[PDB]
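Shown below: run13.cif, with mmCIF, C-alpha atoms and all ligand atoms.
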data_coords
loop_
_atom_site.label_atom_id
_atom_site.label_comp_id
_atom_site.auth_asym_id
_atom_site.auth_seq_id
_atom_site.Cartn_x
_atom_site.Cartn_y
_atom_site.Cartn_z
CA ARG A 4 0.00 0.00 0.00
CA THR A 5 1.31 3.46 -1.00
CA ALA A 6 2.91 5.75 1.55
CA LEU A 7 0.51 8.46 2.67
CA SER A 8 0.27 12.01 1.33
CA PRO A 9 -1.74 15.01 2.61
CA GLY A 10 -5.44 15.10 1.97
CA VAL A 11 -7.45 18.28 1.89
CA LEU A 12 -8.49 19.94 5.14
CA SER A 13 -12.20 20.75 5.36
CA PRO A 14 -13.32 24.11 6.89
CA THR A 15 -13.07 24.72 10.63
CA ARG A 16 -15.97 22.95 12.30
CA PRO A 17 -18.05 25.15 14.60
CA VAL A 18 -18.86 24.38 18.17
CA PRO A 19 -21.91 25.78 20.04
CA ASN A 20 -20.96 29.18 21.32
CA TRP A 21 -22.21 28.29 24.76
CA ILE A 22 -19.61 25.49 25.28
CA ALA A 23 -16.74 26.95 27.25
CA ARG A 24 -13.53 27.06 25.27
CA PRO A 25 -10.16 26.26 26.94
CA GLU A 26 -8.15 29.44 27.46
CA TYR A 27 -5.72 28.66 24.62
CA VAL A 28 -8.20 28.63 21.77
CA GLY A 29 -7.19 31.25 19.18
CA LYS A 30 -3.86 31.90 20.77
CA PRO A 31 -0.42 30.83 19.59
CA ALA A 32 0.41 29.01 22.85
CA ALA A 33 -1.29 27.51 25.89
CA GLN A 34 -1.07 28.54 29.54
CA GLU A 35 0.14 25.15 30.78
CA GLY A 36 3.22 23.42 32.18
CA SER A 37 3.30 24.40 35.89
CA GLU A 38 0.06 22.99 37.28
CA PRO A 39 -0.13 20.72 40.28
CA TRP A 40 0.37 17.09 39.50
CA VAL A 41 -2.01 15.95 42.29
CA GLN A 42 -5.58 17.02 41.62
CA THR A 43 -8.23 18.19 44.04
CA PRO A 44 -11.14 15.84 44.76
CA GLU A 45 -13.42 18.24 42.78
CA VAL A 46 -11.14 18.14 39.73
CA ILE A 47 -10.91 14.30 39.88
CA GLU A 48 -14.74 14.01 39.82
CA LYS A 49 -14.97 16.40 36.92
CA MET A 50 -12.27 14.47 35.15
CA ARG A 51 -14.38 11.35 35.41
CA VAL A 52 -17.03 13.11 33.33
CA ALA A 53 -14.55 14.48 30.80
CA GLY A 54 -12.95 11.02 30.55
CA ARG A 55 -16.25 9.26 29.97
CA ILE A 56 -17.22 11.67 27.25
CA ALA A 57 -13.90 11.42 25.47
CA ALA A 58 -14.23 7.61 25.69
CA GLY A 59 -17.67 7.78 24.11
CA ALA A 60 -16.44 9.96 21.31
CA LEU A 61 -13.51 7.67 20.61
CA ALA A 62 -15.81 4.65 20.39
CA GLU A 63 -18.17 6.44 18.01
CA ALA A 64 -15.49 7.52 15.65
CA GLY A 65 -13.97 4.05 15.92
CA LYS A 66 -17.16 2.44 14.61
CA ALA A 67 -16.95 4.51 11.45
CA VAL A 68 -13.56 3.03 10.71
CA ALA A 69 -13.91 1.16 7.43
CA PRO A 70 -12.46 1.01 3.91
CA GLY A 71 -13.99 3.96 2.04
CA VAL A 72 -14.04 6.59 4.81
CA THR A 73 -11.96 9.71 5.02
CA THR A 74 -10.21 10.66 8.18
CA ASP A 75 -12.22 13.90 7.99
CA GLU A 76 -15.37 11.93 8.52
CA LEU A 77 -13.98 10.28 11.65
CA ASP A 78 -13.36 13.84 12.95
CA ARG A 79 -16.83 14.94 12.02
CA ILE A 80 -18.24 12.09 14.04
CA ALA A 81 -16.04 12.55 17.11
CA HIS A 82 -16.59 16.32 17.04
CA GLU A 83 -20.38 15.81 16.95
CA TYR A 84 -20.36 13.37 19.85
CA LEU A 85 -18.28 15.86 21.92
CA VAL A 86 -20.47 18.86 21.18
CA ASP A 87 -23.64 16.87 21.71
CA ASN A 88 -22.48 16.07 25.19
CA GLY A 89 -21.44 19.66 25.96
CA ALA A 90 -17.64 19.19 25.63
CA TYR A 91 -15.22 21.28 23.62
CA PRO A 92 -12.78 19.14 21.47
CA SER A 93 -9.57 20.05 23.22
CA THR A 94 -7.40 19.80 20.14
CA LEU A 95 -9.47 22.35 18.18
CA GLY A 96 -7.42 25.51 18.19
CA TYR A 97 -4.76 24.03 20.45
CA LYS A 98 -1.43 25.51 19.38
CA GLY A 99 -3.02 26.02 15.99
CA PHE A 100 -4.17 22.48 15.49
CA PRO A 101 -7.06 22.71 12.96
CA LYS A 102 -9.27 19.79 13.92
CA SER A 103 -11.15 18.01 16.77
CA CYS A 104 -9.16 14.75 17.01
CA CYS A 105 -5.89 13.29 15.53
CA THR A 106 -6.28 10.50 12.92
CA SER A 107 -2.98 8.63 12.38
CA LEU A 108 -3.03 6.01 9.64
CA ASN A 109 -0.37 3.38 9.12
CA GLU A 110 3.10 5.02 9.22
CA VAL A 111 1.87 8.18 10.94
CA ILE A 112 3.27 7.92 14.48
CA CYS A 113 0.82 10.49 15.84
CA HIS A 114 -0.90 13.88 15.35
CA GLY A 115 -2.16 13.24 11.88
CA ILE A 116 -4.65 15.88 10.82
CA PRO A 117 -8.08 14.60 9.68
CA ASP A 118 -8.50 15.24 5.94
CA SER A 119 -9.67 13.95 2.54
CA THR A 120 -7.35 10.92 2.87
CA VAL A 121 -9.41 7.87 2.10
CA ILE A 122 -8.83 4.70 4.23
CA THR A 123 -8.25 1.48 2.31
CA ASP A 124 -8.66 -2.20 2.97
CA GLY A 125 -5.88 -3.33 5.29
CA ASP A 126 -5.02 -0.02 6.97
CA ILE A 127 -4.80 0.74 10.65
CA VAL A 128 -5.81 4.05 12.11
CA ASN A 129 -5.33 5.60 15.47
CA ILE A 130 -8.01 8.07 16.55
CA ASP A 131 -7.04 10.34 19.50
CA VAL A 132 -9.82 12.40 21.07
CA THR A 133 -9.67 14.85 23.99
CA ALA A 134 -12.72 16.39 25.71
CA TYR A 135 -12.81 19.63 27.74
CA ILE A 136 -15.81 20.03 30.07
CA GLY A 137 -16.24 21.38 33.54
CA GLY A 138 -12.84 23.09 33.16
CA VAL A 139 -10.93 19.79 32.83
CA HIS A 140 -9.64 17.47 30.08
CA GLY A 141 -10.08 13.72 29.40
CA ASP A 142 -7.70 12.17 26.79
CA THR A 143 -7.85 8.79 25.11
CA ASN A 144 -6.95 7.00 21.84
CA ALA A 145 -6.93 3.66 20.14
CA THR A 146 -5.91 2.08 16.89
CA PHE A 147 -8.62 0.41 14.78
CA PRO A 148 -8.14 -2.03 11.90
CA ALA A 149 -9.73 -1.26 8.52
CA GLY A 150 -10.98 -4.22 6.55
CA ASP A 151 -8.73 -7.22 6.18
CA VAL A 152 -5.54 -6.21 8.00
CA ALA A 153 -2.30 -8.24 7.61
CA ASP A 154 -1.31 -10.43 10.48
CA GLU A 155 1.79 -8.39 11.22
CA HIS A 156 -0.34 -5.31 11.77
CA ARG A 157 -3.08 -6.96 13.82
CA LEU A 158 -0.36 -8.38 16.12
CA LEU A 159 1.19 -4.91 16.45
CA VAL A 160 -2.14 -3.36 17.39
CA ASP A 161 -2.98 -6.04 19.89
CA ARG A 162 0.49 -6.01 21.48
CA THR A 163 0.47 -2.19 21.79
CA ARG A 164 -2.92 -2.39 23.49
CA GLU A 165 -1.56 -5.06 25.84
CA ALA A 166 1.59 -3.08 26.58
CA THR A 167 -0.63 -0.12 27.53
CA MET A 168 -2.84 -2.19 29.84
CA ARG A 169 0.18 -3.85 31.50
CA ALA A 170 1.64 -0.42 32.18
CA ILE A 171 -1.68 0.85 33.58
CA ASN A 172 -1.89 -2.15 35.92
CA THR A 173 1.43 -1.20 37.54
CA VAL A 174 0.20 2.23 38.60
CA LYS A 175 0.08 2.61 42.35
CA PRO A 176 0.96 5.12 44.99
CA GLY A 177 4.56 4.74 46.15
CA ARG A 178 5.65 3.09 42.95
CA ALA A 179 8.27 4.87 40.82
CA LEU A 180 6.74 6.51 37.69
CA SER A 181 9.62 4.98 35.77
CA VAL A 182 8.10 1.51 36.12
CA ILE A 183 5.61 2.40 33.37
CA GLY A 184 8.15 2.80 30.59
CA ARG A 185 10.19 -0.18 31.84
CA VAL A 186 7.11 -2.46 31.56
CA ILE A 187 6.14 -1.04 28.14
CA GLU A 188 9.57 -1.31 26.58
CA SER A 189 10.36 -4.73 27.95
CA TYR A 190 7.06 -6.04 26.49
CA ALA A 191 7.51 -4.41 23.14
CA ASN A 192 11.12 -5.63 22.80
CA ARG A 193 9.83 -9.13 23.44
CA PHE A 194 8.38 -8.96 19.96
CA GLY A 195 11.12 -6.96 18.32
CA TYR A 196 9.21 -3.63 18.31
CA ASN A 197 10.75 -0.23 19.10
CA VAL A 198 9.10 2.22 21.48
CA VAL A 199 8.90 5.86 20.38
CA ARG A 200 10.94 8.03 22.80
CA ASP A 201 10.37 11.58 21.58
CA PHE A 202 6.63 11.54 22.31
CA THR A 203 5.35 10.84 25.80
CA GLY A 204 2.40 10.59 28.15
CA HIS A 205 1.63 13.63 30.25
CA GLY A 206 -0.07 14.93 33.37
CA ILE A 207 -3.54 16.35 32.51
CA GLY A 208 -6.16 18.08 34.67
CA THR A 209 -7.38 21.66 34.24
CA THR A 210 -4.70 21.82 31.55
CA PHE A 211 -4.03 19.55 28.59
CA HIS A 212 -0.23 18.87 29.10
CA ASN A 213 0.44 20.14 32.62
CA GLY A 214 4.18 19.66 32.74
CA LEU A 215 4.39 16.12 34.15
CA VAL A 216 6.00 13.82 31.55
CA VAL A 217 5.48 10.04 31.49
CA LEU A 218 8.11 8.17 29.48
CA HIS A 219 7.17 4.96 27.64
CA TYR A 220 10.68 3.51 27.55
CA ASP A 221 13.18 2.44 30.27
CA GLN A 222 14.60 5.55 31.98
CA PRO A 223 15.40 4.88 35.65
CA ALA A 224 17.03 8.29 36.05
CA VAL A 225 13.50 9.70 36.56
CA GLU A 226 12.78 9.86 40.33
CA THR A 227 9.11 10.80 40.41
CA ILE A 228 7.04 8.63 42.76
CA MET A 229 3.38 8.15 42.02
CA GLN A 230 1.12 9.85 44.63
CA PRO A 231 -2.65 9.43 45.26
CA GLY A 232 -4.60 12.01 43.18
CA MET A 233 -2.07 12.29 40.37
CA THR A 234 -3.69 12.14 36.93
CA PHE A 235 -1.77 11.41 33.74
CA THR A 236 -1.86 9.59 30.46
CA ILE A 237 -0.09 6.40 29.36
CA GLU A 238 -0.04 6.53 25.51
CA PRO A 239 2.77 4.50 24.02
CA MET A 240 3.52 4.65 20.27
CA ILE A 241 5.15 1.41 19.13
CA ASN A 242 6.99 1.02 15.86
CA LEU A 243 7.56 -2.02 13.61
CA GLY A 244 10.48 -0.14 12.09
CA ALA A 245 13.19 2.31 13.10
CA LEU A 246 12.44 5.24 15.40
CA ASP A 247 13.56 7.81 12.83
CA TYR A 248 10.77 10.10 11.74
CA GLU A 249 9.83 13.13 9.69
CA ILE A 250 7.30 15.85 10.55
CA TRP A 251 5.28 17.07 7.60
CA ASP A 252 5.11 20.74 6.72
CA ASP A 253 1.61 21.07 8.27
CA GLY A 254 3.77 21.03 11.40
CA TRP A 255 1.88 18.20 13.14
CA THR A 256 1.84 14.88 11.20
CA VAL A 257 4.76 12.67 12.33
CA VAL A 258 5.63 9.85 9.89
CA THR A 259 8.21 7.07 10.25
CA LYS A 260 11.29 7.55 8.02
CA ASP A 261 11.19 3.97 6.74
CA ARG A 262 7.42 4.04 6.26
CA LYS A 263 6.87 0.98 8.38
CA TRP A 264 3.56 1.13 10.35
CA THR A 265 3.19 2.15 13.98
CA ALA A 266 0.29 1.81 16.58
CA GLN A 267 -0.77 3.63 19.76
CA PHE A 268 -3.25 3.32 22.60
CA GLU A 269 -3.98 5.91 25.33
CA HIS A 270 -5.97 6.23 28.57
CA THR A 271 -6.20 8.95 31.22
CA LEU A 272 -5.36 7.48 34.65
CA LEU A 273 -5.98 8.40 38.28
CA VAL A 274 -3.52 7.13 40.97
CA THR A 275 -5.92 6.12 43.76
CA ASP A 276 -5.13 5.49 47.43
CA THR A 277 -4.16 1.96 46.65
CA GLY A 278 -3.86 1.53 42.92
CA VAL A 279 -5.30 2.90 39.70
CA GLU A 280 -8.52 3.99 38.08
CA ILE A 281 -8.93 4.30 34.34
CA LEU A 282 -11.01 7.48 33.74
CA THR A 283 -11.46 7.13 29.99
CA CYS A 284 -13.94 4.25 29.92
CA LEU A 285 -17.63 4.34 28.84
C1 LIG A 301 -3.09 17.96 18.39
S1 LIG A 301 -2.84 17.83 20.17
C2 LIG A 301 -3.09 16.06 20.38
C3 LIG A 301 -2.74 15.66 21.81
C4 LIG A 301 -3.10 14.17 22.13
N1 LIG A 301 -4.57 13.97 22.35
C5 LIG A 301 -2.33 13.73 23.37
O1 LIG A 301 -2.61 12.60 23.84
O2 LIG A 301 -1.47 14.54 23.82
CO CO A 302 -4.47 11.96 23.23
CO CO A 303 -2.36 12.37 25.73
K K A 304 -0.37 4.80 12.85
#
Transcribe the structure of this file into structure tokens.
Amino acid sequence: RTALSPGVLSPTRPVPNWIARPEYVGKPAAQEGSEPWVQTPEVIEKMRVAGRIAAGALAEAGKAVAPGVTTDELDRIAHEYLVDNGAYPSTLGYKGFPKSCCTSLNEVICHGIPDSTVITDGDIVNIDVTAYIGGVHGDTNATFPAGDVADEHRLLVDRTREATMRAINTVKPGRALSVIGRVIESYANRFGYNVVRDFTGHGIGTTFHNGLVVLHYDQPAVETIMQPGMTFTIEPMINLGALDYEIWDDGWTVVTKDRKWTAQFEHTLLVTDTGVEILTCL
């Protein structure tokens, strides 16, 4: 199947003027990066709502995944589910991003921009949706197969999902944050895959990327200890090929240099008093 090329971006989709926009919409940068990593009880409850709605949107767009569809259509669907439930699509107008979710087909590592690109039999596509409601964000993504996908790619998708769940299951207060990337990388190397290092998980709360960074590879130099109330994402990108990548001119779409396919899964997590809670579930 031919390497991907830019489709054509449809016009900015509108969102009900009554839905509160995050502060960064229409601005070159976002006011984020120094927020507390441990959330207040009020923010955690609100994040359960944001998480649930982003999870619903992801699942709706996922069902439209099929040979014949454009990535733009996936965006249309996710956007509509968000607005219908009173949430602003966090990516819309974030640092200039033009759409409501990221659609990353095949060799696109992440941040693909929904467009006219038509999905073909055999492709894989990650859909990443973020919801902003009640002043907080919920972030989640998954890779969906389109039509008859080759074994190599189905195995990649399933093993990336599994790596993600294994990392989530290690989350607990008192455990070193670095355990997450150690578990992910060890599992992916078991199958000869390479874990993307330049892109990471992140703390999230009243801000989209609040400054906390969660690495998906082995990096024991990090000393951060998980604490009850901390909220962050685990969102590993796992490559069949080399880690080398290119960023298109649109400034967002990241594509592997060797064009080999890559897969990603993401959830927003809460560190509870004794373990973990996945907030981005239906
Ligand atoms: C175009 S911004 C996309 C951000 C993505 N939802 C994340 O997990 O950080
Ligand atoms: Co995301
Ligand atoms: Co994220
Ligand atoms: K991909």
Counting all atoms listed in the file, which residues come within 10 Å of (-7.9, -3.7, 5.2), with the point read in the file's coordinates, and could you list them as a PyMOL selection string? chain A and resi 69-70+122-127+148-153
Just want the residues within 12 Å of ligand CO 303 (chain A), written as number ranges by chain, counting only C-alpha atoms and all ligand atoms. A: 54, 57, 93-94, 104-105, 113-114, 130-134, 140-145, 202-208, 210-213, 215-218, 234-240, 267-272, 283
Would you write out those residues with C-alpha atoms, as a tab-separated table (two decimals), in the frame of the given file?
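Result written to selection.tsv:
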chain	number	residue	atom	x	y	z
A	54	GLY	CA	-12.95	11.02	30.55
A	57	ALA	CA	-13.90	11.42	25.47
A	93	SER	CA	-9.57	20.05	23.22
A	94	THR	CA	-7.40	19.80	20.14
A	104	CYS	CA	-9.16	14.75	17.01
A	105	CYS	CA	-5.89	13.29	15.53
A	113	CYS	CA	0.82	10.49	15.84
A	114	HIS	CA	-0.90	13.88	15.35
A	130	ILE	CA	-8.01	8.07	16.55
A	131	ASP	CA	-7.04	10.34	19.50
A	132	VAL	CA	-9.82	12.40	21.07
A	133	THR	CA	-9.67	14.85	23.99
A	134	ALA	CA	-12.72	16.39	25.71
A	140	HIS	CA	-9.64	17.47	30.08
A	141	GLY	CA	-10.08	13.72	29.40
A	142	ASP	CA	-7.70	12.17	26.79
A	143	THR	CA	-7.85	8.79	25.11
A	144	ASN	CA	-6.95	7.00	21.84
A	145	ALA	CA	-6.93	3.66	20.14
A	202	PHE	CA	6.63	11.54	22.31
A	203	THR	CA	5.35	10.84	25.80
A	204	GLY	CA	2.40	10.59	28.15
A	205	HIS	CA	1.63	13.63	30.25
A	206	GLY	CA	-0.07	14.93	33.37
A	207	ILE	CA	-3.54	16.35	32.51
A	208	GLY	CA	-6.16	18.08	34.67
A	210	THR	CA	-4.70	21.82	31.55
A	211	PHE	CA	-4.03	19.55	28.59
A	212	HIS	CA	-0.23	18.87	29.10
A	213	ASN	CA	0.44	20.14	32.62
A	215	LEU	CA	4.39	16.12	34.15
A	216	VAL	CA	6.00	13.82	31.55
A	217	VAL	CA	5.48	10.04	31.49
A	218	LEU	CA	8.11	8.17	29.48
A	234	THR	CA	-3.69	12.14	36.93
A	235	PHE	CA	-1.77	11.41	33.74
A	236	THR	CA	-1.86	9.59	30.46
A	237	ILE	CA	-0.09	6.40	29.36
A	238	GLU	CA	-0.04	6.53	25.51
A	239	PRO	CA	2.77	4.50	24.02
A	240	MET	CA	3.52	4.65	20.27
A	267	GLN	CA	-0.77	3.63	19.76
A	268	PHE	CA	-3.25	3.32	22.60
A	269	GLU	CA	-3.98	5.91	25.33
A	270	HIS	CA	-5.97	6.23	28.57
A	271	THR	CA	-6.20	8.95	31.22
A	272	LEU	CA	-5.36	7.48	34.65
A	283	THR	CA	-11.46	7.13	29.99
Provide the CA of residue 219 (chain A) to CA of residue 167 (chain A) distance in Å, to one decimal place.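 Those two atoms sit 9.3 Å apart.
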Judged by all atoms listed in the file, the minimum distance to residue 163 (chain A) among A:242, A:120, A:88, A:230 is found for A:242
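If you measure from each of A:4, A:102, A:49, A:55 to residue 18 (chain A) using only C-alpha atoms, the closest one turns out to be A:102.
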One number please: CA of residue 35 (chain A) to CA of residue 214 (chain A), in Å, one decimal. 7.1 Å
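The residue set within 12 Å of residue 73 (chain A), counting only C-alpha atoms and dropping same-chain residues fewer than 6 places from it, reads residues 9, 10, 11, 12, 13, 64, 67, 79, 80, 106, 107, 108, 116, 117, 118, 119, 120, 121, 122, 123, 128 and 149 of chain A.
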When you look at region 249-264 of chain A with a cut-off of 6 Å (counting only C-alpha atoms), what residues show up, excluding the ones that are within fewer than 4 positions of it in the same chain? I need them as JSON, numbers by chain. {"A": [109, 110, 111, 112, 113, 114, 115, 244]}
Write out, as an mmCIF file, in the coordinates of the input, the residues just selected, with C-alpha atoms.
data_model
loop_
_atom_site.group_PDB
_atom_site.id
_atom_site.type_symbol
_atom_site.label_atom_id
_atom_site.label_comp_id
_atom_site.auth_asym_id
_atom_site.auth_seq_id
_atom_site.Cartn_x
_atom_site.Cartn_y
_atom_site.Cartn_z
ATOM 1 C CA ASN A 109 -0.370 3.380 9.120
ATOM 2 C CA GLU A 110 3.100 5.020 9.220
ATOM 3 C CA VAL A 111 1.870 8.180 10.940
ATOM 4 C CA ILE A 112 3.270 7.920 14.480
ATOM 5 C CA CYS A 113 0.820 10.490 15.840
ATOM 6 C CA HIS A 114 -0.900 13.880 15.350
ATOM 7 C CA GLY A 115 -2.160 13.240 11.880
ATOM 8 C CA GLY A 244 10.480 -0.140 12.090
#
In Å, with one decimal, what is the gap from CA of residue 45 (chain A) to CA of residue 139 (chain A)?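 Straight-line distance from CA of residue 45 (chain A) to CA of residue 139 (chain A) works out to 10.4 Å.
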Of A:6, A:84, A:62, A:17, the one nearest to ligand K 304 (chain A) when counting only C-alpha atoms and all ligand atoms is A:6
Taking all atoms listed in the file into account, which of A:138, A:231, A:92, A:44 comes nearest ligand CO 302 (chain A)? A:92
Determine the nearest neighbour of residue 25 (chain A) from the options A:95, A:159, A:53, A:77, counting only C-alpha atoms. A:95
Within 8 Å of region 172-175 of chain A, counting all atoms listed in the file, which residues qualify if same-chain residues fewer than 2 places away don't, as a CSV table (one decimal) with C-alpha atoms, keeping the file's coordinate frame?
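After the write, around35.csv holds the following:
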chain,number,residue,atom,x,y,z
A,168,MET,CA,-2.8,-2.2,29.8
A,169,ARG,CA,0.2,-3.8,31.5
A,170,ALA,CA,1.6,-0.4,32.2
A,177,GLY,CA,4.6,4.7,46.2
A,178,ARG,CA,5.6,3.1,43.0
A,180,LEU,CA,6.7,6.5,37.7
A,182,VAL,CA,8.1,1.5,36.1
A,183,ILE,CA,5.6,2.4,33.4
A,229,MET,CA,3.4,8.2,42.0
A,230,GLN,CA,1.1,9.8,44.6
A,231,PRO,CA,-2.6,9.4,45.3
A,274,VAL,CA,-3.5,7.1,41.0
A,275,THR,CA,-5.9,6.1,43.8
A,276,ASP,CA,-5.1,5.5,47.4
A,277,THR,CA,-4.2,2.0,46.6
A,278,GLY,CA,-3.9,1.5,42.9
A,279,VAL,CA,-5.3,2.9,39.7
From the list A:37, A:15, A:129, A:20, the nearest residue to ligand LIG 301 (chain A) using all atoms listed in the file is A:129
Please supply region 108-129 of chain A, rebuilt with N, CA, C and O atoms, as a PDB file, in the coordinates of the input.
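Saved result, result.pdb, follows:
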ATOM      1  N   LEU A 108      -2.981   7.255  10.388  1.00  0.00           N
ATOM      2  CA  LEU A 108      -3.030   6.010   9.640  1.00  0.00           C
ATOM      3  C   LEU A 108      -1.651   5.418   9.481  1.00  0.00           C
ATOM      4  O   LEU A 108      -0.693   6.144   9.400  1.00  0.00           O
ATOM      5  N   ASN A 109      -1.591   4.096   9.453  1.00  0.00           N
ATOM      6  CA  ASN A 109      -0.370   3.380   9.120  1.00  0.00           C
ATOM      7  C   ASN A 109       0.952   3.947   9.657  1.00  0.00           C
ATOM      8  O   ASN A 109       1.189   3.861  10.850  1.00  0.00           O
ATOM      9  N   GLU A 110       1.811   4.508   8.788  1.00  0.00           N
ATOM     10  CA  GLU A 110       3.100   5.020   9.220  1.00  0.00           C
ATOM     11  C   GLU A 110       3.130   6.383   9.961  1.00  0.00           C
ATOM     12  O   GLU A 110       4.196   6.875  10.360  1.00  0.00           O
ATOM     13  N   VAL A 111       1.954   6.942  10.176  1.00  0.00           N
ATOM     14  CA  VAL A 111       1.870   8.180  10.940  1.00  0.00           C
ATOM     15  C   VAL A 111       1.955   7.789  12.427  1.00  0.00           C
ATOM     16  O   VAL A 111       1.065   7.092  12.962  1.00  0.00           O
ATOM     17  N   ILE A 112       3.027   8.225  13.075  1.00  0.00           N
ATOM     18  CA  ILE A 112       3.270   7.920  14.480  1.00  0.00           C
ATOM     19  C   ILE A 112       2.165   8.551  15.318  1.00  0.00           C
ATOM     20  O   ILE A 112       1.589   7.901  16.203  1.00  0.00           O
ATOM     21  N   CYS A 113       1.844   9.807  15.031  1.00  0.00           N
ATOM     22  CA  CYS A 113       0.820  10.490  15.840  1.00  0.00           C
ATOM     23  C   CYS A 113       0.549  11.875  15.234  1.00  0.00           C
ATOM     24  O   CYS A 113       1.323  12.328  14.374  1.00  0.00           O
ATOM     25  N   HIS A 114      -0.543  12.503  15.696  1.00  0.00           N
ATOM     26  CA  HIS A 114      -0.900  13.880  15.350  1.00  0.00           C
ATOM     27  C   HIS A 114      -1.304  14.134  13.913  1.00  0.00           C
ATOM     28  O   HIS A 114      -1.267  15.271  13.417  1.00  0.00           O
ATOM     29  N   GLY A 115      -1.707  13.070  13.240  1.00  0.00           N
ATOM     30  CA  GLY A 115      -2.160  13.240  11.880  1.00  0.00           C
ATOM     31  C   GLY A 115      -3.364  14.165  11.911  1.00  0.00           C
ATOM     32  O   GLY A 115      -4.169  14.165  12.867  1.00  0.00           O
ATOM     33  N   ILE A 116      -3.514  14.961  10.863  1.00  0.00           N
ATOM     34  CA  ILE A 116      -4.650  15.880  10.820  1.00  0.00           C
ATOM     35  C   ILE A 116      -5.770  15.313   9.974  1.00  0.00           C
ATOM     36  O   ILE A 116      -5.516  15.042   8.781  1.00  0.00           O
ATOM     37  N   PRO A 117      -7.012  15.146  10.512  1.00  0.00           N
ATOM     38  CA  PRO A 117      -8.080  14.600   9.680  1.00  0.00           C
ATOM     39  C   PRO A 117      -8.197  15.389   8.362  1.00  0.00           C
ATOM     40  O   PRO A 117      -8.045  16.635   8.355  1.00  0.00           O
ATOM     41  N   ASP A 118      -8.374  14.647   7.265  1.00  0.00           N
ATOM     42  CA  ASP A 118      -8.500  15.240   5.940  1.00  0.00           C
ATOM     43  C   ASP A 118      -9.236  14.365   4.917  1.00  0.00           C
ATOM     44  O   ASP A 118     -10.065  13.494   5.263  1.00  0.00           O
ATOM     45  N   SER A 119      -9.001  14.659   3.628  1.00  0.00           N
ATOM     46  CA  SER A 119      -9.670  13.950   2.540  1.00  0.00           C
ATOM     47  C   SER A 119      -9.161  12.517   2.295  1.00  0.00           C
ATOM     48  O   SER A 119      -9.833  11.716   1.584  1.00  0.00           O
ATOM     49  N   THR A 120      -8.012  12.224   2.927  1.00  0.00           N
ATOM     50  CA  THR A 120      -7.350  10.920   2.870  1.00  0.00           C
ATOM     51  C   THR A 120      -8.411   9.865   3.034  1.00  0.00           C
ATOM     52  O   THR A 120      -9.184   9.862   4.000  1.00  0.00           O
ATOM     53  N   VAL A 121      -8.443   8.934   2.084  1.00  0.00           N
ATOM     54  CA  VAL A 121      -9.410   7.870   2.100  1.00  0.00           C
ATOM     55  C   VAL A 121      -8.706   6.575   2.600  1.00  0.00           C
ATOM     56  O   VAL A 121      -7.656   6.226   2.074  1.00  0.00           O
ATOM     57  N   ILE A 122      -9.293   5.938   3.611  1.00  0.00           N
ATOM     58  CA  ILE A 122      -8.830   4.700   4.230  1.00  0.00           C
ATOM     59  C   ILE A 122      -9.106   3.483   3.348  1.00  0.00           C
ATOM     60  O   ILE A 122     -10.243   3.269   2.865  1.00  0.00           O
ATOM     61  N   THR A 123      -8.100   2.647   3.183  1.00  0.00           N
ATOM     62  CA  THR A 123      -8.250   1.480   2.310  1.00  0.00           C
ATOM     63  C   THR A 123      -8.205   0.192   3.055  1.00  0.00           C
ATOM     64  O   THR A 123      -7.749   0.153   4.180  1.00  0.00           O
ATOM     65  N   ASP A 124      -8.639  -0.872   2.393  1.00  0.00           N
ATOM     66  CA  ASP A 124      -8.660  -2.200   2.970  1.00  0.00           C
ATOM     67  C   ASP A 124      -7.250  -2.509   3.481  1.00  0.00           C
ATOM     68  O   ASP A 124      -6.246  -2.254   2.791  1.00  0.00           O
ATOM     69  N   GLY A 125      -7.181  -3.018   4.701  1.00  0.00           N
ATOM     70  CA  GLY A 125      -5.880  -3.330   5.290  1.00  0.00           C
ATOM     71  C   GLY A 125      -5.197  -2.296   6.201  1.00  0.00           C
ATOM     72  O   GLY A 125      -4.269  -2.631   6.959  1.00  0.00           O
ATOM     73  N   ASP A 126      -5.623  -1.040   6.135  1.00  0.00           N
ATOM     74  CA  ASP A 126      -5.020  -0.020   6.970  1.00  0.00           C
ATOM     75  C   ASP A 126      -5.352  -0.138   8.447  1.00  0.00           C
ATOM     76  O   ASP A 126      -6.291  -0.803   8.847  1.00  0.00           O
ATOM     77  N   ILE A 127      -4.548   0.588   9.223  1.00  0.00           N
ATOM     78  CA  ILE A 127      -4.800   0.740  10.650  1.00  0.00           C
ATOM     79  C   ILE A 127      -4.865   2.221  10.918  1.00  0.00           C
ATOM     80  O   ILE A 127      -4.123   3.003  10.362  1.00  0.00           O
ATOM     81  N   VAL A 128      -5.718   2.605  11.849  1.00  0.00           N
ATOM     82  CA  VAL A 128      -5.810   4.050  12.110  1.00  0.00           C
ATOM     83  C   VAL A 128      -6.065   4.323  13.575  1.00  0.00           C
ATOM     84  O   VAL A 128      -6.956   3.768  14.207  1.00  0.00           O
ATOM     85  N   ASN A 129      -5.195   5.175  14.088  1.00  0.00           N
ATOM     86  CA  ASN A 129      -5.330   5.600  15.470  1.00  0.00           C
ATOM     87  C   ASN A 129      -6.222   6.829  15.476  1.00  0.00           C
ATOM     88  O   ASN A 129      -6.061   7.716  14.602  1.00  0.00           O
TER      89      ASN A 129
END
